[PDB]
Amino acid sequence: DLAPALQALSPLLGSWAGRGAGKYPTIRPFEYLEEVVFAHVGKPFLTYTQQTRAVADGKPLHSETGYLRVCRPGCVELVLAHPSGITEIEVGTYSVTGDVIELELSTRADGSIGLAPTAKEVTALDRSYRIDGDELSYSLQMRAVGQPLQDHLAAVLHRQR
Ligand code: HEM
């Protein structure tokens, strides 16, 4: 059974696939393909995994894995591990407007970043997610490696059968 706390976020459940792009002042721009799965085990959190790969040659780029907790309806904690040696807790809120869910999260809202000894220096991450029917879109802003908070990613995914 779905935990009551997750009712508003039930449209996230399932498999999502699509494409996005990214940039940062210290790197060259890039694009990627993305696969996401949201699932649950009957508690007040979703499980979440992401895999991305290069559009050109399908080489694995970034992945992330963890949990989207509901901290009472309307509140979210996104808890993630990254294979780059970084952990992330983003905190925020969401709203339901018919078939549209808007989630706004940030490490800067009493969240966390952890850096392994060999990780790049990331100090903030902000995420804006929109689920509109069978479309999931997002942007991610990053403060890292001497640069102010600014876009690093954005993508559009579609619900898979
Ligand atoms: C869809 C997800 C993502 C993709 C496809 C992606 C892709 C890239 C690519 C291709 C680069 C440049 C090449 C490289 O350094 O490997 C890069 C750089 C970077 N990314 Fe990401 N990234 C993603 C998510 C993230 C996230 C979530 C973080 C932070 C936790 C992050 C932090 C960085 C940093 C710090 C740089 C290095 C900048 C530098 O050396 O100056 N990325 N990313």
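Hydrogens, waters and symmetry mates are skipped; everything else that's a heavy atom, side chains included, is used. Throughout, numbering of the chain's residues begins at 1 and tracks the sequence.
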- Query: Other hydrophobic cluster members with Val100, side-chain heavy atoms of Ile/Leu/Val/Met/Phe/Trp/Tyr under 4.5 Å, chained?
  - Reply: none

- Can you hop from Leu140 to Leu68 via hydrophobic side chains spaced under 4.5 Å? yes

- Query: Between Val36 and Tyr48, is any pair of side-chain heavy atoms under 4.5 Å apart?
  - Reply: yes

- Query: Where do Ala124 and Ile113 come nearest, in terms of heavy atoms and distance?
  - Reply: N-CD1, 3.4 Å

- Are the side chain of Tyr24 and the backbone of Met142 linked by a donor-acceptor contact shorter than 3.5 Å? yes

- Sorted by chain and residue number, the side chain to side chain contact (heavy atoms under 4.5 Å, CB included) partners of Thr87 (sequence neighbours excluded) come out as none

- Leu33: which other cluster members, linking ILVMFWY side chains closer than 4.5 Å, directly or transitively? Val55

- Kindly compute the distance separating CG (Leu12) from CG (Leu103), expressed to the nearest 0.5 Å. 6.5 Å

- Task: Rounded to the nearest 0.5 Å, what's the gap from CG on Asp134 to CG on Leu157? Could you check?
- Result: 12.0 Å

- Which atom of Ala3 lies closest to which atom of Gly42, heavy atoms considered: CB-O, 3.8 Å

- Message: How close do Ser112 and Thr107 get, counting heavy atoms only, and between which atoms?
- Response: O-CG2, 3.6 Å

- Item | Residue pairs passing the side chain to side chain donor-acceptor pair (under 3.5 Å) test where at least one lies in residues 117-129, sequence neighbours excluded | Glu64-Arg127, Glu88-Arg127, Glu90-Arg127, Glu104-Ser128, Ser106-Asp126, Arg108-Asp126, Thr123-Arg143, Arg127-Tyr129

- Task: Sort and list the pairs that fulfil ring-ring contact (aromatic ring centres under 6.0 Å, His included) and have at least one residue in residues 98-128, not counting sequence neighbours.
- Result: none

- Task: Check the pair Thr49 / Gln51 against side-chain contact (heavy atoms from CB on, under 4.5 Å), numbers first and verdict last.
- Result: CA-CA 7 Å; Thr49 58; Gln51 186 64 67; over 6 Å; no

- Item | Qualifying residues under ring-ring contact (aromatic ring centres under 6.0 Å, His included), relative to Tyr94, sequence neighbours excluded | none

- Message: With salt bridge (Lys or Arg N to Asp or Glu O under 4.0 Å) as the rule and sequence neighbours excluded, what pairs involving residues 29-50 come up?
- Response: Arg19-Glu31

- Query: With a cutoff of under 4.5 Å between side-chain heavy atoms, which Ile, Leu, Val, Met, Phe, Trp and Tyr residues group with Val41?
  - Reply: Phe45, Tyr67

- With sequence neighbours excluded, residues passing side chain to side chain donor-acceptor pair (under 3.5 Å) with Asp1: none

- Item | Test log, rule side-chain contact (heavy atoms from CB on, under 4.5 Å), inputs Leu136 and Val156 | CA-CA 6 Å; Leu136 183 160; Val156 184; over 6 Å; no

- Task: Answer yes or no: is there a side-chain heavy-atom contact under 4.5 Å between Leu2 and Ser10?
- Result: yes

- Task: For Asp132, check salt bridge (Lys or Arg N to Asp or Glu O under 4.0 Å) against everything at least two apart and list the hits.
- Result: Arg130

- Message: If you compare all heavy atoms of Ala144 against all heavy atoms of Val122, which two are closest, and at what distance to 0.1 Å?
- Response: CB-CA, 3.8 Å

- Item | Inter-residue atom distance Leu78.CG - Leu105.CG, 0.5 Å rounding | 6.0 Å

- Item | Listed once per pair and sorted, the salt bridge (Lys or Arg N to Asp or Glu O under 4.0 Å) pairs that draw on residues 65-74, sequence neighbours left out | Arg69-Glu77

- Item | Heavy-atom check, side chain of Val76 versus side chain of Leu9, under 4.5 Å | yes

- Query: Transitively linked via ILVMFWY side-chain contacts under 4.5 Å: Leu115 with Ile89?
  - Reply: no

- Task: Flag the pair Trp16 / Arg159 as yes when at least one side-chain heavy-atom distance between them is below 4.5 Å, and no otherwise.
- Result: yes

- Applying side chain to side chain donor-acceptor pair (under 3.5 Å), which residue pairs with at least one partner in residues 147-156 are found, sequence neighbours left out? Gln141-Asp151

- Query: For the hydrophobic clusters of this structure (ILVMFWY residues joined by side-chain heavy atoms under 4.5 Å, transitively), does one cluster hold both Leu61 and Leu80?
  - Reply: yes

- Query: Looking at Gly85 and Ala119, what are the two nearest heavy atoms and their distance?
  - Reply: O-CB, 3.4 Å

- Query: Do you know which two heavy atoms are closest between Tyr32 and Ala155, and how far apart they sit?
  - Reply: OH-CB, 3.6 Å

- Message: Side chains of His158 and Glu135: any donor to acceptor distance under 3.5 Å?
- Response: no

- Determine whether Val70 and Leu6 make a side-chain contact, defined as any pair of heavy atoms from C-beta on separated by less than 4.5 Å. yes

- Query: Quick one: does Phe38's side chain get under 4.5 Å of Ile131's, heavy atoms only?
  - Reply: no

